[PDB]
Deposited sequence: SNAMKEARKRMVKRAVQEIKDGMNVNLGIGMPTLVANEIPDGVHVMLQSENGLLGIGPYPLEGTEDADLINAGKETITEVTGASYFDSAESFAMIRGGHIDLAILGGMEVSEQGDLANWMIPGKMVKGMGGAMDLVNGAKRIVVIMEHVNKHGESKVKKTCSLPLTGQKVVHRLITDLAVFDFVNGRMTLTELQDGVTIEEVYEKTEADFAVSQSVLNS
């Protein structure tokens, strides 16, 4: 299971000081609890909160205060609340520095599928907006069921949208339609990735 522990640790590193970050439901939300003291930042919940904080003390949860995953949560200092249209203005308009999401697949050109399986249909939620408006797209996802595809099979969340993908195994980067591997043993990845890739 430590696989995912390697995955979140590494995900903390994409997030610089001063950023406004959106953590997708599931795996990426775990990152929240690894932000070091040094790093001052605001976490955006697409349901209308800028300033997501840790989980509340028993007996102090509040029904009116939740994350996009429906979990009871906490606001930070100088947080703000706004409505859904506003929230997606922030997102669609490119104000969100970085979005982290999970995925069921990533293609070689960095297409992402993370919303549906023909015949399980949770739905896209904010993912599609995120993937097209965040300036920085980072996927953390388990590497195999393989999930690192040459071409996606599941319906696309986004097409050519991810800049960096991290897994239990390794780290991948995309520039203008093609894939490399910035981080790691080595020999296993050709074997493991259904996608095609380069490195220097």
Practice prompt. Extract from the deposited sequence all ranges with no corresponding C-alpha coordinates, numbering residues from 1.
Written response: 1-4, 124, 151-154, 194-197, 214-219
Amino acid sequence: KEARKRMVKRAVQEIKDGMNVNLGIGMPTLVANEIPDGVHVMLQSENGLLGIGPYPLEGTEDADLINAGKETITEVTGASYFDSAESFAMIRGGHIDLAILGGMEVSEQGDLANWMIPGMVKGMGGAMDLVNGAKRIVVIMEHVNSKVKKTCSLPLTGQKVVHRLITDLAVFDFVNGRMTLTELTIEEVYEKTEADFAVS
From here on, numbers count along this sequence of modelled residues.
Worksheet item: Mean CA B-factor: is it higher for 121-129 or for 105-113?
Response: 105-113
Item to complete: Averaging the C-alpha B factors as listed in the entry, name the stretch that ends up higher: 28-36 or 133-141.
Response: 28-36
Worksheet, complete the sentence: Per the deposited entry, the peak Cα B-factor within the set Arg164, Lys150, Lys70, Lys160 goes to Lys150
Discussion item. Looking at the C-alpha B-factor values in the deposited entry, which of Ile66, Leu43, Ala170, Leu154 comes out highest?
Written reply: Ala170
